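Understanding the architecture of this molecule
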Amino acid sequence: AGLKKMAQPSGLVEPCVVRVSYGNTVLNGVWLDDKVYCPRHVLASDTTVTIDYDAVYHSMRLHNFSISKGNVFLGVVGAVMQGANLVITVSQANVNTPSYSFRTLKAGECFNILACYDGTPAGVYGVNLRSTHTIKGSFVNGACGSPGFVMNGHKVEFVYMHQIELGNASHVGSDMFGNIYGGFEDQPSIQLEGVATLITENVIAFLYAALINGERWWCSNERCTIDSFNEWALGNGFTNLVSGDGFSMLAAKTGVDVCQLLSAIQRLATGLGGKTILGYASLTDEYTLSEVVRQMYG
Amino acid sequence: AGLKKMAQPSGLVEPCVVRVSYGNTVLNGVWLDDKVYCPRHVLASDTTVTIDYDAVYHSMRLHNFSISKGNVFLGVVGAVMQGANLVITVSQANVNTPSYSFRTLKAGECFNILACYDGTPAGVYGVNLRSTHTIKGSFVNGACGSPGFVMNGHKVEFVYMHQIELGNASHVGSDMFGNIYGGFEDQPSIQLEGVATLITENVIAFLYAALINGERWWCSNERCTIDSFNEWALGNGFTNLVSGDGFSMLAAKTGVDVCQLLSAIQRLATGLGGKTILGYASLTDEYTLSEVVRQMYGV
Ligand SMILES: *[C@](C)(O)C(=O)N(c1ccc(-c2ccccc2)nc1)[C@@](C)(C(=O)N[C@@H](C)c1ccc(F)cc1)c1cccnc1
Ligand SMILES: *[C@](C)(O)C(=O)N(c1ccc(-c2ccccc2)nc1)[C@@](C)(C(=O)N[C@@H](C)c1ccc(F)cc1)c1cccnc1
């Protein structure tokens, strides 16, 4: 009953956040087994001239690393560079290591940001990757290395590590495989995101959310083809639709066709009059199909 | 960098949530130090008429009780009804019982809800108590006994325990002392919900979040005395403000005083005219002052 951007329980991610301190600059690290993942820009302090990472890696002094989880210091042994990640090998092994697996996020999916500062978690909240492979969370200085995760069946899927904040207030993270989302760079040059187009299959589950909760005022008998929308979608800041197979489960209980919401979206997109839907005066892509089913039918 | 309702880390609370079952009704409970707390309506299975809890508490067979945390089954020992809650004593002690304590919340504060189903933690999100003393969150069938909590320095303070769901989709819970908030009944008979009046400080904090976040189209140079607003707040669905000395820090960083917002509240409470503030169609008391300071400046 209701609809809120809720985050999954952060309890398993929480023991792994460490404080990685290389010289002056100190940031957040994900500690799993004997390895500690952190953004490689910790090795940089320039923040003014283009950084030649290939050279600074070979010219690194491990005596300056001091990694910690509270009062314990983990002893640094080695460190290799996996993309934009600086995978650091420490002697102590995280006794608190959950069952983890790395995965990459496909645009539109939801995941959980464990905002951390100085190796201490601050808050957990759910976000979705946008059409530009950037997120719109809440971050302040020192968050570099805060993990993002999805969790299915007592197993953590580290899908995000924070790297940098764009001027857009948009946040760019790396993959745990070392791959910047959206093709951006950890470089001190100005970078601009593209136009954020709303993810269509999240807006649909958001409209079934309104019909399950009885708000049927916006809905009418009109229906549009998957095709005519895909044509209309690009020119109106929306993503195209591949198929409508998964909604058929919800479409039956509601009795509202998939082709019928499309006619509504073409109308409702930049169309909400005074009347709002579920607390929103504009369509939103925050809510996925998975999230709707967990908040509506257990 | 953004305004994002977020919950504090729920790691310490997750060891304590247990599956409490008494025959048909199965719902969640908090396992603190060898005592499981749960709503007293787990004993009742009837949702027709008003139920004599004093007579149902005595018609209680402890042998019927089934508590479990995963595969482990707890052995129930004692059971005393405290208010609208059930303090159940068991043999094993939650060995991971955090630095815990109870509290009752004055209206307007923000706390952290841990929704559970079948003794399984499932989500965690921030919510603030409305003036009617009903939070408004997400709860499906079987979430009775999901604890709320607020954490000040690794010490867990349990403040909520889910009891019932009203008509307005408003959610009602009980403190760990066994008192239904706002004075409600855990009975099936129909029950009214009050008119939600907005907490003024949390609206002011929400407005500073907008001035810090750039949206300054609604702000002009109007200063309003606090009493004229209080006289106006008693007649327009707001609350009277006690002090604005905590806002002294946000006012200096924005350069906008607290008086300007107070007049601005009188302006926009009528309606935002289709122009949203921070992605919000109307004024919102969701963001408390302290939570706004951790997100904007990071304390
Ligand atoms: C990290 C260090 O904790 C941090 O908060 N930010 C940051 C700072 C510097 C770098 C960086 C330095 C040298 C080379 C490459 C990257 N990355 C991240 C903040 C302060 C940040 O990103 N600021 C922006 C303006 C920035 C971009 C690029 C850059 F090189 C330097 C700064 C930051 C603040 C808030 C949230 N996230 C990150
Ligand atoms: C709990 C059992 O998990 C549950 O979801 N609900 C509930 C059901 C019954 C009682 C109750 C039983 C006996 C005596 C008094 C109360 N409390 C809670 C739900 C289904 C619920 O609250 N339904 C409403 C209609 C209800 C209110 C009051 C009442 F006495 C009986 C029923 C529920 C649904 C969704 C969210 N929370 C609770």
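What counts as what
- Residues numbered from 1 in each chain as written, not as in the entry; some residues may be left out.
- Chains lettered and ligands numbered in written order.
- Heavy atoms only, no water.
- Helix = DSSP H or I, 4+ residues; strand = E, 2+ residues; numbered from the N terminus.
- Buried < 20%, exposed > 50% of the residue type's maximum accessible area, 1.4 Å probe, protein only.
- Contact = heavy atoms within 4.5 Å.
- Pairing = 2+ DSSP bridges.
- Near = heavy atom within 4 Å.
- Polar contact = N/O pair within 3.5 Å; in protein donor to acceptor, adjacent residues only side chain to side chain.
- Areas by Shrake-Rupley, 256 points an atom, 1.4 Å probe, with all protein chains shown as cover.
- Nonpolar A, V, L, I, M, F, W, Y, C, P; charged D, E, K, R; others polar.
- Axes fitted to C-alpha atoms, helices over the stretch in contact; angles between N-to-C directions.
- Salt bridge = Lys/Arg side-chain N within 4 Å of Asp/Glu carboxyl O.
- Domains from an automatic or database assignment.
- Buried area = accessible area lost by both parts, 1.4 Å probe.
- 1 Å grid on protein atoms, 1.4 Å probe; cavity = no way out; pocket = protein on both sides within 12 Å on 5 of 7 lines; lining within 4 Å.
- Points joined across faces, edges and corners; volume = space filled by probe spheres on them.
- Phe/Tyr/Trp six-rings, centres within 6.5 Å; stacked < 30°, edge-to-face > 60°.
- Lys NZ or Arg CZ within 6 Å of the ring centre and 35° of its normal.

The deposited coordinates for this entry were obtained by X-ray crystallography, with a reported resolution of 3.50 Å.

Describing the overall build of chain B
Scanning chain B from terminus to terminus reveals six helices and 13 strands. Taken over the C-alpha atoms alone, chain B extends approximately 70 × 40 × 30 Å along its principal axes. A buried classification covers 54% of the 299 residues belonging to chain B. When contacts within chain B are restricted to residue pairs at least 6 apart in sequence, those whose partners lie at least 24 apart make up 65%.

With respect to the pairing of strand β6 (residues 76-82) of chain A
All names here are of chain A. Bridge count for β6 against strand β7 (residues 85-90) is six bridges, and the pairing is antiparallel. By the bridge assignment, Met81 is partnered in β7 with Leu86. Where β6 folds back onto β7 in an antiparallel hairpin, the turn is made up of two residues, including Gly83, whose phi is positive at roughly 75°.

What about the site of ligand 2?
Residues and elements named next belong to chain B. Taken together, 18 residues sit near ligand 2, with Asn141, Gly142, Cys144, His162 and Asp186 positioned nearest. Within the contact set of ligand 2, an oxygen atom lies 3.0 Å away from a backbone nitrogen or oxygen of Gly142. Protein chains bury 79% of the 650 Å² of accessible surface belonging to ligand 2 in isolation. Considering every element that reaches the shell around ligand 2, the biggest residue donor is strand β12 (residues 155-165), with four residues. When grouped by side-chain class, the residues that make up the shell around ligand 2 number eight nonpolar, seven polar and three charged.

Remarks on the sheet that holds strand β2 (residues 25-32) of chain A
Residues and elements named next belong to chain A. With respect to topology, seven strands assemble into an open sheet ordered β5-β4-β1-β2-β3-β7-β6, the strand pairing being antiparallel. Each having just a single partner strand, β5 (72-74) and β6 make up the two edges of the open sheet. Pairs of neighbouring strands in the sheet enclose a mean axial angle of 35°, with direction left out of account. Relative to strand β3 (residues 35-39), β2 runs antiparallel, the two being bridged by three bridges. Residue pairing in the sheet places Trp31 in a bridge with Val36 of β3.

What to know about unusual backbone geometry
Residue and element names in this part refer to chain B. Of note, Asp118 is a non-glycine position whose phi angle comes to about 60°, a positive value. Along the chain, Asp118 turns up in the loop between β9 (110-117) and β10 (120-128). According to the relative accessible area criterion, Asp118 is exposed, its value standing at 52%.

Digging into the site of ligand 1
Residues and elements named next belong to chain A. Taken together, 15 residues form the shell around ligand 1, and within it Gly142, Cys144, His162, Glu165 and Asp186 come nearest. Contact between ligand 1 and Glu165: an oxygen atom at 3.3 Å from a main-chain N or O atom of the residue. A per-element tally of the shell around ligand 1 places strand β11 (residues 156-165) first, with four residues. Residues that form the shell around ligand 1 fall into these classes: six nonpolar, seven polar and two charged.

A short note on the pattern of salt bridges
Summed over the entire model, instances satisfying the criterion amount to 15 salt bridges over all chains. Of the charged contacts in the structure, one is a salt bridge between A:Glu193 and A:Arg130, with a shortest N-O distance of 2.9 Å. Placement of A:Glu193 in the loop between β12 (171-174) and α2 (200-212) and of A:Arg130 in the loop between β9 (120-128) and β10 (147-151) is noted, with a sequence separation of 63 residues between them. Classification of A:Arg130 as buried rests on a relative accessible area of 17%. Its salt-bridge partner being B:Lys5, residue B:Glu291 comes within 2.6 Å of it at the nearest N-O pair. With B:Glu291 in helix α6 (residues 289-296) and B:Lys5 in the segment before β1 (17-22), this pair connects stretches of sequence that are 286 residues apart.

A closer look at the sheet that holds strand β2 (residues 25-31) of chain B
Residues and elements named next belong to chain B. Read from one edge of the open sheet, seven strands run β5-β4-β1-β2-β3-β7-β6, paired in antiparallel fashion. Looking at which strands have only one partner, the edges of the open sheet turn out to be β5 (72-74) and β6 (76-82). Sheet twist, expressed as the average angle between the axes of neighbouring strands with direction ignored, equals 30°.

Quick notes on the domain arrangement of chain A
Residue and element names in this part refer to chain A. In terms of domains, chain A is made up of domain 1 (1-194) and domain 2 (200-296). Its C-alpha centre places domain 1 at a distance of 34 Å from the equivalent point of domain 2. Contacts between the two partners involve nine residues from domain 1 and, on the opposite side, twelve residues from domain 2. When residues of domain 1 are sorted by the area they lose upon contact with domain 2, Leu3, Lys5 and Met6 head the list and together hold 49% of the total. In this structure, the connection of domain 1 to domain 2 is made through one salt bridge. Here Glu291 makes a salt bridge to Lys5, at a shortest N to O gap of 3.1 Å. Applying the counting criterion to the domain 1 and domain 2 interface returns five residue pairs in polar contact. For the side of domain 1 that touches domain 2, the per-class residue count stands at four nonpolar, three polar and two charged.

Thoughts on empty space enclosed by the protein
One pass over the structure, following the stated rule, counts one cavity of 30 Å³ or more. Estimates place the volume of the largest cavity at around 30 Å³. Of the residues contributing to the lining of the largest cavity, the split by class is six nonpolar, no polar and no charged.

Some words on the interface of chain B and chain A
On the chain A side, the residues contacting the 31 residues of chain B number 34 residues. Here chain B and chain A share an interface that buries about 2,300 Å² over both sides, 59% of which is from carbon and sulfur atoms. For the chain B face of the interface with chain A, the top three residues by lost area are B:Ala1, B:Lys4 and B:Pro9, together amounting to 26%. On inspection of chain B and its partner chain A, the count reaches two salt bridges. If you look at where chain B meets chain A, you find ten residue pairs in polar contact.

Notes on the packing of aromatic side chains
Scanning the entire structure with this criterion turns up 23 aromatic pairs over all chains. Geometrically, the ring pair formed by B:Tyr100 and B:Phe102 is tilted, given 6.0 Å between the ring centres and 50° between the ring planes. Arranged with centres 5.9 Å apart and planes meeting at 35°, the rings of B:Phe111 and B:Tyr160 form a pair that is tilted. One end of the pair, B:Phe111, is in strand β9; the other, B:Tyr160, is in strand β12, and 49 residues separate them in sequence. Through a chain of ring-to-ring contacts, the aromatic side chains of A:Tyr37, A:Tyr100, A:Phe102 and A:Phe177 assemble into a single cluster. Looking at A:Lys5, its charged tip hangs above the ring of A:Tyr287, at a distance of 5.8 Å from the centre. Positioned above the aromatic ring of A:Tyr53 is the side chain of A:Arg40, whose terminal nitrogen or guanidinium carbon lies 4.1 Å from the ring centre.

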